[PDB]
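>>> Sequence first, structure after, both from an experimental entry:
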Number of protein chains: 6
Amino acid sequence: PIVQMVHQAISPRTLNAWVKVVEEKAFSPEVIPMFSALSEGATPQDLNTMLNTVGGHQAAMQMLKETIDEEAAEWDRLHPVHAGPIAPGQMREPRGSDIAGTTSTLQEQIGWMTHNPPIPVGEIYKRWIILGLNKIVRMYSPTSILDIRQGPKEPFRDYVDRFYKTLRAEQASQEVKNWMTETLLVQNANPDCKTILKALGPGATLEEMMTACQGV
Amino acid sequence: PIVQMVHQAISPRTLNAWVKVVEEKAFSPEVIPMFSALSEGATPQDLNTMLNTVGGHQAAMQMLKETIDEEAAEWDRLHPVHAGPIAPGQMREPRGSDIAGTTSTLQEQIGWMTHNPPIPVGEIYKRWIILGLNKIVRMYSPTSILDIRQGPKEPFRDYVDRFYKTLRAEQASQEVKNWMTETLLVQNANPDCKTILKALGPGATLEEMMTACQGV
Amino acid sequence: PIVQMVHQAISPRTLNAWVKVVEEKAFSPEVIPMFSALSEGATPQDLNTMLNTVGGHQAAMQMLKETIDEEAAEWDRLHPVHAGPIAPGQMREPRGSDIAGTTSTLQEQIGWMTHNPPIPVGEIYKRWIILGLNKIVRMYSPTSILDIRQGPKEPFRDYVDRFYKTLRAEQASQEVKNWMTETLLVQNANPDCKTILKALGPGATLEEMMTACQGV
Amino acid sequence: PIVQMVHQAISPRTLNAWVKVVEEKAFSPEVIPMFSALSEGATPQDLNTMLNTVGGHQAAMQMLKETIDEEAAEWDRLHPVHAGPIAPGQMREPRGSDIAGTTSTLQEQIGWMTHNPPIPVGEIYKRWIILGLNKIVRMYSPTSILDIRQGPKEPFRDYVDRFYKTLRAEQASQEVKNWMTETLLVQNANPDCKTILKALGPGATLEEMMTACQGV
Amino acid sequence: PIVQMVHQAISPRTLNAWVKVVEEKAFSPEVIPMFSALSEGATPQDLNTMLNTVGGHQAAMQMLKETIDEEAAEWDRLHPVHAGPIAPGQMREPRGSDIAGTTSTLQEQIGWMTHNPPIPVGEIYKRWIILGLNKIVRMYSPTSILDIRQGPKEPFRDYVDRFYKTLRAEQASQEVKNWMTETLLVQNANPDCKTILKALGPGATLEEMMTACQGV
Amino acid sequence: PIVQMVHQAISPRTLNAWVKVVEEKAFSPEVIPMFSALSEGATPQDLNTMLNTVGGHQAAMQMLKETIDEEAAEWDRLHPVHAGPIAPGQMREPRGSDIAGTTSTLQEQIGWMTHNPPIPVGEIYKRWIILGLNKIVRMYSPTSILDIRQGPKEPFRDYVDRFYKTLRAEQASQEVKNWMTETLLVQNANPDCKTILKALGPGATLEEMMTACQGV
């Protein structure tokens, strides 16, 4: 990575941390922040490192390649490279593949990130990666949010745990999510607690809802 | 984080430490300092990191979102953003969402914390987070303090352990806590030791009380 | 902490180290140095951190609160705060609660420790803490030193191990300790080895005593 | 290694990390990035270190020697050393064996890497090493890509996992790989899912393919 | 410690390392270097730290106190403190107890070590400690070197292992050790190998001896 | 160690790493690089540290002493110390024992390594150590290379593994090794694969040989 701005190789424990994550948890929503976290300040070399050191889950990893490409081609369209001698004081325009680390050197990468104005390739690529991770997570969720219904003898607090778990992996904007929260959660609660909540009105907080259904 | 003031990505072991905590201990009062501890000097990115990397406990995590929002909206009310070009030497007023890390960049965050006067967003947000943690802890305690009573054959020292454990999670100010200490602790002791304590008067220390009931 | 003088957040492994200690060993004499060790250079924030991250042992932790208060009130008596505007170049007098970290900011704490003359709040508070730890250790020892007697078939070397173990937790000054060493140790040895030692006189070293009773 | 440019010995945990990798995973495609990752910024001493500290897998390690030599001799051919006194301000031309660390000192190595223009021996040698690793990986794969066929009751997602796993170890250029992707993957799918895919046309994404065969 | 010269608190892992050592291996000759190793650059605070954090082995630890005192009193005799105002630019003469860390502050300690000429209290005290460790090790060895005799069916290489193990813990100078090597080792070998060695003469190396008795 | 040039104590994990190695693997060829690796930049104090902290394997360790001495005496012969006052700006000539760390201080050691011209005692001694390690490894190998023969049903790849393993521990120069490679390997292969190889000629690579005997 690069700490704010002097350059560093990615640390063995960052690395090791990132590997373990994927072994243990597969593609679980939390992986994603973890990833970002482990990649704070990362160059594309470092991001590639993280990605290539995953073994197994190769269908996913392939899918992530495609996505990155899609994002790369989109970059190139918007940002077409111009012909000419890159002057002494300057540095070349980055392609998609230069962004993905594939067709750029560590110097070039370091070039783009530090230069003024900053061309934050490390952060760009990361976005594309995260993008591709969401595709995966969302695909690899077995359950839809519509399906999460409160078991007859299920404490409310567990149902909520399954709801927002399943929600965290859904393909949807916030506005949509909001709607799902405001609509479904109460709709799919078990009759006993369903009633109780209805009786609070439709603007009570979660704290209020979970404490309303606590005894039941 | 930022060490006093040069910027750093959050360390893999901080991270890993914070994850383990939540897996093992769920929402136990001690988690909270741990959190603060692990977040000394943290930016909102770092705080978000910590929070998003929790998997499971999603009802709680949702509840924590609400609270943060509540605190954010309250900020905005008191601190309304004004219209105008942010001058060359200056930086914009932070919203609630800029405080929660959501609508601000790492640069902006670094901006606010280092600038003179310091606008300590990292510490603000942390307070809001801790606030929301207390809501959770307090909710997720099964037992009320009123219920902690000394078993007939329970050594005083264990009863005390259950008392202050249960107290540490209660919703109450210090003055209230004080009262509970001064009132209940002696009230809910088993008869044998109840008497003995009464006989010391009502201003003896805990050291004195625990050593008074040691043989019994 | 602060390394000699640039400021640092307490390290995850310090933290983690301090937690494990208390889980494993409860309140064993060695904990105390460990504590000091883990707190070399610590601010009150750091010391509080250490203390609050203990879960369980809440009677003790409560007792430690009382002691700290007692020490705080004593500070205040001797060091009464004066009224007035803290001038531009100066910083306010610290209360007890400012010393315990409770009513002071990290800046203020950093202020007091670095300023000339140094007002070492980190070291003061630590003393008060250690003080309160001794109260605990001493209370939580099951055995008195008077009770440690050499088993009939007990090798001297083990008896010594139990003696100084039990001694390390006693409430006593050195002069008292000395006396206990010079008096009891030989008094409570089993007859066979009791004699042998008596025969060396009453100023022989431990090395000499343990090697005198080695065959028996 | 050397961090951008001050010199460091390779860290115990890098080391240890690299050893564990080879014990556990033998020669699995992911090892390779791991290697690169663990060697970011590495001198030939550091690279040799990594290699010599492998025990077992000595046939491979021998094969890797040969390859390195082959690459070294090729260097020498293209880059023949000239006779003469290496002037005061200069440093000698590197042989292959100077590149492999074998016939050069750490100073010389440090010389070549830092000097302007940079003669990046650390990166050269690494390429040769990685080259030799591919030879090994490719040899030590039991299965050919032609052989990966979808089991009758095999979920598509697993088949894909075996396909790209086996592909990752094949001896082939990208263009070839592309062809294999575009040709075989669909060819070797089980009849039920084979049909379904055919029906999407021959330019659909993997995401589309895996979600097309998800129910079947 | 102090790294050459900026001051540091002793690291959690140094600490932890030193504790584990004593738990696992008790007082085994190797502990000693380990100790020294773990204490490279250590102040007396750091050395005390190491020592006090040992739990159990309290007879030893007591014996080590005595020794340190003996060494301290000897210092004082040779180095008597003089009366007078320690001038502005100067620092006081160190007692034994100031050397053992007991009656000196961390500043004073830092004072003595850095000042010119260097008064290396950290290294002095360490010597006294190591001294006291040898007393212990030597006492806590069950076996004398005279007793190590080669079993009838014992491979020479194992006998040697027991010999030099037992030798490493003996109370003796080198010249004495030399003699023991040159005399006993061959004397206490089993007849078959005894002869064989005798036949090499009395100046052959260990390598030669162990390879002479390899088949037998 | 010393990082290029500011001085450091050897790290707890280096230490710990080096200990584990010797416990687990005894004297296996790979230990040696590991050693070198763990000692990059090491002073003789650090090298001694590493060596003395080995417990068990005392015959070896004794043998290593002898060797070091032999190398030390050889140094002294070639490099005889001259009589005279070591001038103000200078430093004394190093003996063998000063090289082995035994009769020199850490300052002196630091003196020799940093001074211009560099007198790299740390690297000298290391060579002598490694030398003595080879003596050991070579002795402690049970098997000779002549004895490694391919089992009738042994896959070639395993035989190769045993060959180069056993070769790595032999006492021999490269030219000799080369010969052994070019002669024996094919000679001691099982008849079926022996033939096949013979048929490739006597200049084919290992890659070619192992892939020639892969099916058989």
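On my side now, so go ahead. Numbers count the residues shown, from 1 in each chain, chains lettered A, B, ... in the order given.

>>> Dump stretch A:126-140 to PDB, keeping only the CA atoms.
Output of stretch A:126-140 as PDB, limited to C-alpha atoms (Å, rounded to 0.1, in the frame of the first residue of the first chain):
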ATOM      1  CA  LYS A 126     -11.300  -1.200  -5.700                       C
ATOM      2  CA  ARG A 127     -14.600   0.200  -6.600                       C
ATOM      3  CA  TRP A 128     -14.800  -2.100  -9.600                       C
ATOM      4  CA  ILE A 129     -13.700  -5.000  -7.500                       C
ATOM      5  CA  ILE A 130     -16.300  -4.300  -4.800                       C
ATOM      6  CA  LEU A 131     -18.900  -4.000  -7.600                       C
ATOM      7  CA  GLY A 132     -18.000  -7.500  -8.800                       C
ATOM      8  CA  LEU A 133     -18.100  -8.700  -5.300                       C
ATOM      9  CA  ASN A 134     -21.600  -7.600  -4.900                       C
ATOM     10  CA  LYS A 135     -22.600  -9.400  -8.000                       C
ATOM     11  CA  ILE A 136     -21.200 -12.600  -6.400                       C
ATOM     12  CA  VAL A 137     -22.500 -12.200  -2.900                       C
ATOM     13  CA  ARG A 138     -26.000 -11.400  -4.400                       C
ATOM     14  CA  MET A 139     -25.800 -14.500  -6.600                       C
ATOM     15  CA  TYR A 140     -24.500 -16.800  -3.900                       C
END
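
>>> gap between stretch A:66-83 and the chain center?
Chain-centre distance of stretch A:66-83: 21 Å, with Cα atoms, centre = their mean, to the nearest Å.

>>> How about stretch A:126-140?
6 Å.

>>> what's the answer for stretch A:90-104, then?
23 Å.

>>> And stretch A:84-95, by the same measure?
32 Å.

>>> got it, and stretch A:161-181?
Per Cα atoms, centre = their mean, the centroid offset for stretch A:161-181 relative to its chain is 15 Å.

>>> dump the residue contacts of residue A:63.
A:132, A:135, A:136, A:139, D:205, D:206, D:207, D:210 (Cβ atoms under 8 Å, 6 or more residues apart in numbering or on different chains). No exception for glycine: its C-beta is placed from N, CA and C like everyone else's.

>>> Please determine how far the nearest residue to residue A:22 once chain neighbours are set aside is located from residue A:18.
Spatially, and ignoring its direct neighbours in sequence, residue A:22 is nearest to residue A:54 (5.3 Å; Cβ to Cβ, 6 or more residues apart in numbering or on different chains). Separation of residue A:54 from residue A:18 (Cβ to Cβ, to the nearest Å): 8 Å.

>>> Repeat that for residue A:86.
Residue A:86 is 35 Å from residue A:18, by Cβ to Cβ.

>>> neighbour count winner among those two?
residue A:18 (22 against 9; other Cβ atoms under 10 Å in any protein chain shown).

>>> That one belongs to a helix?
Yes - judged by DSSP: H, G, I helix; E, B strand; the rest coil, residue A:18 forms part of a helix.

>>> does it really touch residue A:47, like I thought?
No - judged on Cβ atoms under 8 Å, residue A:18 makes no contact with residue A:47 at a distance of 10.5 Å.

>>> Any residues of chain A in contact with chain B? List them.
Within chain A, the positions near chain B by Cβ under 8 Å from any Cβ of the partner chain are A:1, A:3-4, A:11, A:13-14, A:17, A:25, A:28-30, A:32-34, A:36-38, A:40-41, A:157, A:160-161, A:163-165, A:168, A:205-207, A:210-211.

>>> For chain A, which segments count as helices?
A:12-25, A:31-38, A:44-52, A:58-78, A:96-99, A:106-114, A:121-140, A:156-168, A:174-187, A:191-198, A:206-212 (DSSP state H).

>>> Including distance to residue F:64, could these go into CSV?
Below are the helices of chain A laid out as CSV (distance: least, Cβ to Cβ, whole Å):
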stretch, distance to residue F:64
helix A:12-25, 31
helix A:31-38, 43
helix A:44-52, 40
helix A:58-78, 48
helix A:96-99, 53
helix A:106-114, 42
helix A:121-140, 49
helix A:156-168, 59
helix A:174-187, 68
helix A:191-198, 75
helix A:206-212, 68
